[PDB]
Amino acid sequence: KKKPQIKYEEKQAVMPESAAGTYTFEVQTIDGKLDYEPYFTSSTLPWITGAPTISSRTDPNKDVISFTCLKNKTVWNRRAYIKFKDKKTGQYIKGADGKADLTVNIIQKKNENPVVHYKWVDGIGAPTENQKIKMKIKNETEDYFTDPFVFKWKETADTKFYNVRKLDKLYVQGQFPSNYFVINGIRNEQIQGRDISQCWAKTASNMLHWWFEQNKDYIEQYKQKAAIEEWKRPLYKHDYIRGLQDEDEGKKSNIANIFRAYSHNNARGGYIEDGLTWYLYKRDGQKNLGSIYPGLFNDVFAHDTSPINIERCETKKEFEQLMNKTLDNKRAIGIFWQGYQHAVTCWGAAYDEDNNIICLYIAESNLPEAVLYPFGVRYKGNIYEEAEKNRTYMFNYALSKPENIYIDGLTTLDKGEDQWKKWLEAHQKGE
Ligand SMILES: [K+]
Ligand SMILES: [K+]
Ligand SMILES: [K+]
């Protein structure tokens, strides 16, 4: 009497559709019918209902194994594993090489028709359908990314986000104006500013434009009530001119021009939070960041009352908690990572029906178009039984082979409403 065995060609994944259902695969039964029991390697996987079972043994050559899945609402494949226990010995059955356990890889396919909702940074509106631009797949082929959340948000006269671009990247030698980089400075001096490594400053400038717009009425009062230092008076405005051609980027943003003319362009880079501090209040660390120190609202804010925060994330739970808190608190968003420290601005996020964050809409100062670009959000480990670390990779749809960008954290800028309120109540009490 030969011992019956089971076999399965492991290179064959079992791939159920995204729909809910009971799905099957076949296990070969050799020399009879082994007494075994299938088991998922994790029993707490929420999208699998119960254990797998042997649902038919009528064919002498094969067993049918069944398992039941919930609908995959997400835009990612998801993975489970089935092993088999010999019921007499209690031991896991060996695979073809005789050493590894026999393991069947289950990969339930993604939702091809997700319902997506969006959350944008407070005060910048939301894209109209006419402002959403589909994206060609690059290798530019004539294929397009076809998932609805993959769009560029085109800047127009009517859009309210900010995306200041690096003049060093836009510049075409011999075609752009020779004076493309010239800036008229605070003392009406002419300065040539370069921005090739100023990712951090472009991100700070975008956030500062948003902050000056949000706090426009407070800043008007501040200019009328504070004893402003004479040289700083021209800095209490923000001009961001939409509709300019690339050759005119030097005229587009007074804030970006201040960083370009008076900060540094060190190839190591800088930090978003340092640019934000430098613009808004005095701190000893930023003493030598530039050749001037704007510190425009030190009467309102100090480091103790700071509207700037820095937080890190290393899991899907950490990233999503941070993003949702920031978006629900009317804060602007800078994203950083070590690549030199890289920095971009985030203006919003796309969500699937499970509230997973699936895409970010990014002002990238290194990228050429006057648009926000979609950066897809992906994970390499399980998102149901999360490991100690599950980095939130970012996928640049615009690039022809997108290297993985592990988000390190978020530098955020709050409106500072309580601080502004306390400042204003203090002046009216003295009046
Ligand atoms: K689930
Ligand atoms: K099980
Ligand atoms: K998964």
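About the thresholds
Residues numbered from 1 in each chain as written, not as in the entry; some residues may be left out. Chains lettered and ligands numbered in written order. Heavy atoms only, no water. Residues with missing side-chain atoms left out of burial classes, pairs and counts. Helix = DSSP H or I, 4+ residues; strand = E, 2+ residues; numbered from the N terminus. Rg over C-alpha atoms; globule rule 2.2 N^0.38 Å. Buried < 20%, exposed > 50% of the residue type's maximum accessible area, 1.4 Å probe, protein only. Contact = heavy atoms within 4.5 Å. Polar contact = N/O pair within 3.5 Å; in protein donor to acceptor, adjacent residues only side chain to side chain. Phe/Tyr/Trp six-rings, centres within 6.5 Å; stacked < 30°, edge-to-face > 60°. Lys NZ or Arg CZ within 6 Å of the ring centre and 35° of its normal. Domains from an automatic or database assignment. Buried area = accessible area lost by both parts, 1.4 Å probe. Salt bridge = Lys/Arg side-chain N within 4 Å of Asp/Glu carboxyl O. Pairing = 2+ DSSP bridges. Axes fitted to C-alpha atoms, helices over the stretch in contact; angles between N-to-C directions. Core = buried A, V, L, I, M, F, W, Y, C linked by side-chain atoms within 4.5 Å. Parallel < 35°, antiparallel > 145°, perpendicular 65-115°, else oblique. Nonpolar A, V, L, I, M, F, W, Y, C, P; charged D, E, K, R; others polar.

In the PDB archive, X-ray crystallography is given as the structure determination method for this entry, at a resolution of 1.77 Å.

Focus on the overall build of the chain
Summing up its helical and strand segments, the chain has 7 helices and 20 strands in all. The C-alpha radius of gyration of the chain comes to 28 Å, more than 25% above the 22 Å expected for a compact globule of 431 residues. Principal-axis analysis of the C-alpha atoms places the extent of the chain at approximately 100 × 55 × 40 Å.

Section: the environment of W76
If you trace the backbone, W76 turns up in the loop between β5 (62-69) and β6 (78-86). Taking relative accessible area as the criterion, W76 reaches 15% and is therefore assigned buried. For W76 and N111, which are 35 residues apart along the polypeptide, the C-alpha to C-alpha distance reads 7.4 Å. If we ignore the near neighbours within four places in the chain, the residues touching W76 are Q108, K110, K316, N356, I357, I358, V377, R378, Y379 and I383. Looking at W76, its side chain comes within polar contact range of the main-chain oxygen of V377, at 3.4 Å.

With respect to the packing of aromatic side chains
Summed over the entire model, instances satisfying the criterion amount to 43 aromatic pairs. It is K132 that lies over the ring of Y118; its NZ or CZ is 5.4 Å from the centre. In this arrangement the basic side chain of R194 is found over the ring face of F181, its NZ or CZ atom lying 3.6 Å from the centre.

Looking at the domain arrangement of the chain
It is common to give the size of an interface as the accessible area that goes away when the parts come together. Segmenting the chain into domains produces domain 1 (5-108) and domain 2 (117-430). One C-alpha centre belongs to domain 1, the other to domain 2; they are set 48 Å apart. Opposite the 12 residues of domain 1 that make contact, domain 2 presents 15 residues. Between domain 1 and domain 2 the total buried area reaches about 970 Å² when both faces are included, carbon and sulfur atoms providing 62% of it. Of all residues in domain 1, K73, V75 and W76 bury the most surface against domain 2, accounting for 55% of the area lost on that side. The tally of links from domain 1 across to domain 2 stands at 0 salt bridges. Counting across the interface, domain 1 meets domain 2 through 4 residue pairs in polar contact.

Side note on the side chain of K252
Tracing the backbone through its elements, the reader meets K252 in the loop between α3 (216-225) and α4 (254-262). Engagement of the side chain of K252 in a polar contact is seen with the side chain of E155, the distance being 2.7 Å.

Comments concerning the sheet that holds strand β7 (residues 104-108)
With antiparallel pairing, the 3 strands of this open sheet are ordered in space as β3-β6-β7. Bordering the open sheet on either side are β3 (36-40) and β7, each of which pairs with just one other strand. Within this sheet the neighbouring strands show an average axis-to-axis angle of 25 degrees, counted without direction. Pairing between β6 and β7: 5 bridges, direction antiparallel. Bridged to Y81 within β7 is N105.

Focus: unusual backbone geometry
A positive phi is found at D31, a non-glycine position, where the angle reads about 60 degrees. Tracing the chain through its elements places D31 in the loop between β2 (21-30) and β3. At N355, a residue that is not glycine, the phi angle is positive and equals roughly 65 degrees. Of note, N355 is situated in the loop between β15 (341-351) and β16 (357-363).

Quick word on the nonpolar core
In this structure, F149, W211, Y279, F297, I335, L360 and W420 are the most contacted members of the largest nonpolar core, which totals 95 residues. Looking at which element gives the most residues to this core, the answer is helix α2 (residues 199-214), with 9 residues. For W211, the residues in contact, after removing those within four places along its chain, are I219, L280, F297, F301, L413, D414, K415 and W420.

Concerning the packing of α4 against helix α5 (residues 272-280)
Between α4 and α5, whose axes approach to 12 Å, the crossing angle comes to 100 degrees. The orientation of α4 relative to α5 falls into the category roughly perpendicular. Contacts between α4 and α5 pair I255, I258, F259 and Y262 from the former with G275, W278 and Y279 from the latter. Of the residues in the contact of α4 with α5, the class split is 6 nonpolar, 1 polar and no charged.

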